[PDB]
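Enquirer: Chains as they are written, first to last, in the deposited numbering: chain A, 2 to 65; chain A', 2 to 65; chain A'', 2 to 65. A prime marks a further copy of an entry chain. Would you mind keeping the following structure in view while I ask a few things?
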Amino acid sequence: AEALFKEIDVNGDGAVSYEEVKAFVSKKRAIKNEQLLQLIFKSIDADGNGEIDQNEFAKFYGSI
Amino acid sequence: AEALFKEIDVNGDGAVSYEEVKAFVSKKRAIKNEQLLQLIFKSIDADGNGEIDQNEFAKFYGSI
Amino acid sequence: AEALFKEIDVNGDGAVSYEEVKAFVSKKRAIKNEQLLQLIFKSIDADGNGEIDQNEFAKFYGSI
Ligand SMILES: [Ca+2]
Ligand SMILES: [Ca+2]
Ligand SMILES: [Ca+2]
Ligand SMILES: [Ca+2]
Ligand SMILES: [Ca+2]
Ligand SMILES: [Ca+2]
Numbered sequence: 002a003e004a005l006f007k008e009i010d011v012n013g014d015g016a017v018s019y020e021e022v023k024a025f026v027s028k029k030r031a032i033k034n035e036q037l038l039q040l041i042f043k044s045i046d047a048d049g050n051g052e053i054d055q056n057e058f059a060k061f062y063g064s065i
Numbered sequence: 002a003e004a005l006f007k008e009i010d011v012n013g014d015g016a017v018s019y020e021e022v023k024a025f026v027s028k029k030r031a032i033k034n035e036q037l038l039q040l041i042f043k044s045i046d047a048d049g050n051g052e053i054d055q056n057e058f059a060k061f062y063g064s065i
Numbered sequence: 002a003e004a005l006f007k008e009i010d011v012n013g014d015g016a017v018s019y020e021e022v023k024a025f026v027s028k029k030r031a032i033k034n035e036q037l038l039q040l041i042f043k044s045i046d047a048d049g050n051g052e053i054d055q056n057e058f059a060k061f062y063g064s065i
């Protein structure tokens, strides 16, 4: 229990401040970004080998 | 008069440049953000004592 | 040929990584921003002399 509260409560004083709220929401925004991008990258990386080669890029760019 | 113009005219040369425009719009974006966040924080801080405790957080998190 | 691929492929190893994708999309976001702002600035800079004076600013601010 209270896992989320502890995670926003960055200094662990048992209270959530405005700074920590601000910082949490920044953190969350960036993660959702990390995760959209990683999903898109996932999709273009056809052979799923971790890099995008000219063939995979071409297949993608050539669809827009 | 000219208060806004003076505020964007950061170097005070009597002309507004592209840099200053760019910087003003950044500034404004951040303030509107500061103010949405502060309003939201305001709303979760039920007892309005400046910090969010586990009871106030729980009341909030438990509504989504 | 492959101009775009070379441009995202920042380290030139012939493969596009997740970092480079991330960085490209940041770059693109900022350019579209640079270009909206520059177009807006363009429009307020009536005499198109590169700075915005109080008369041009007034004409603009006084339309909102
Ligand atoms: Ca705290
Ligand atoms: Ca691949
Ligand atoms: Ca100036
Ligand atoms: Ca409180
Ligand atoms: Ca590379
Ligand atoms: Ca001008």
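In this text, a Cβ means the ideal position worked out from N, Cα and C, and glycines have one as well.
Please indicate yes or no: does the CB of residue 17 (chain A') lie closer than 7 Å to some heavy atom of ligand 3?
Expert: Correct: residue 17 (chain A') has its Cβ closer than 7 Å to ligand 3.
Enquirer: Grab me the residues of residue 10 (chain A')'s own chain with a C-beta within less than 8 Å of its C-beta, minus the 5 sequence neighbours each way, in chain order.
Expert: Contacts found: 16, 17 and 21.
Enquirer: Given the structure, does residue 46 (chain A) come close to ligand 5, in the sense that its CB is under 7 Å from one of the ligand's heavy atoms?
Expert: No, the Cβ of residue 46 (chain A) stays beyond 7 Å of every heavy atom of ligand 5.
Enquirer: Rounded to whole angstroms, how far is the Cβ of residue 46 (chain A) from the Cβ of residue 57 (chain A), which I believe are closer than 8 Å?
Expert: Confirmed, Cβ separation roughly 6 Å.
Enquirer: Would DSSP call residue 17 (chain A) helix, strand or coil?
Expert: The answer is strand: DSSP assigns residue 17 (chain A) an E or B state.
Enquirer: Do residue 61 (chain A) and residue 55 (chain A') have their CB atoms nearer than 8 Å?
Expert: Cβ atoms of residue 61 (chain A) and residue 55 (chain A'): not closer than 8 Å.
Enquirer: For the alpha helix (DSSP H) containing residue 53 (chain A'), list its first residue and its last residue.
Expert: Here residue 53 (chain A') belongs to no alpha helix (DSSP H), and DSSP marks it neither H nor E.
Enquirer: Using a 10 Å radius around the Cβ and a threshold of 16 neighbouring Cβ atoms, would you call residue 53 (chain A'') buried or exposed?
Expert: Result: buried.
Enquirer: Looking at the C-beta of residue 42 (chain A''), does it have a partner C-beta in chain A' at a distance below 8 Å?
Expert: Answer yes: the Cβ-Cβ gap between residue 42 (chain A'') and chain A' drops below 8 Å somewhere.
Enquirer: Between residue 37 (chain A) and residue 63 (chain A''), what straight-line distance do the alpha-carbon atoms span, to the nearest angstrom?
Expert: So the two alpha carbons sit approximately 41 Å from each other.
Enquirer: Please confirm if residue 65 (chain A'') has its CB atom under 8 Å from at least one CB of chain A'.
Expert: Output row for residue 65 (chain A''): interface = no.
Enquirer: Give the residues of chain A'' in contact with residue 58 (chain A), contact being defined as C-beta atoms less than 7 Å apart.
Expert: Those are 6 and 17, listed as they occur along chain A''.
Enquirer: Using a C-beta to C-beta distance shorter than 9 Å, which residues of chain A count as neighbours of residue 3 (chain A'')?
Expert: Those are 55, 58 and 59, listed as they occur along chain A.
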